[PDB]
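As a starting point, one isolated chain is supplied in structure tokens, in the form deposited in one PDB entry.
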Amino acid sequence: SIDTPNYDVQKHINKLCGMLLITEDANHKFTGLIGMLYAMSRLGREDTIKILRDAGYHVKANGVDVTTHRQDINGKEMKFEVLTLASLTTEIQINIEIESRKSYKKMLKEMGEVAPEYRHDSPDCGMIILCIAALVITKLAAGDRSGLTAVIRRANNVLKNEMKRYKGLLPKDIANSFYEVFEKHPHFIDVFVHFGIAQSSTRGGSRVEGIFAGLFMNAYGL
């Protein structure tokens, strides 16, 4: 059973990536998975399944819906928008949002107001996460995590502006999370490569879409 998010949940996954990105000392244990869910939501359900089935994988597609979860958090009943995912519990998704709200409160106090580029819902949050994946993909051939140092050094240079925008953009933690998903679920390698090849045809004014395209092309010999 594999979760196959469609276009309708793409914006929600982007916001979930953004929640991790605004979180100081974020627990990036699920970031590799969330990043891959974002890439699958860009491809859409039909293309994801085609990629997996064509690559010889036997996949039982799990539809991904946005639902409301009511939960008592510190005495008060709270409403949370979560995804129905076999790979990611409601609890984990809610804890990510709760932690992000604590970092948001801290930032709002220090800055006074939070400009668009510092927000968890900025349109480029999912692509920021996938830039780390584009670096990790170059180092998978070694069959070990030896390339981690080089991924961190490269991310600190290429994602300098994105790192100034987001306290949760911790290349070591995010890169290890991608190494983990690519090692545990090698079907995500195929999904990531097909996503990158399809993304190359994106023509727009997004800095991070441009950074991603450059990093993805570099994995091919630049």
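For clarity, a rigid core is taken as the largest C-alpha set superposing within 1.5 Å between two forms. Don't overthink the numbering: it's just position in the shown sequence, from 1.
Only in words, not in the display: the form deposited in another entry, which the text now covers.
Superposing the rigid core between the shown form and the other one leaves a single residue from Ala150, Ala86, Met111, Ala142 with a C-alpha shift of at least 2 Å: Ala142. A change of 3 Å or more separates the two forms for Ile92 and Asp144: their C-alpha atoms lie farther apart in the other form. Distance between the C-alpha atoms of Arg145 and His28: longer in the other form than here (change of 3 Å or more).
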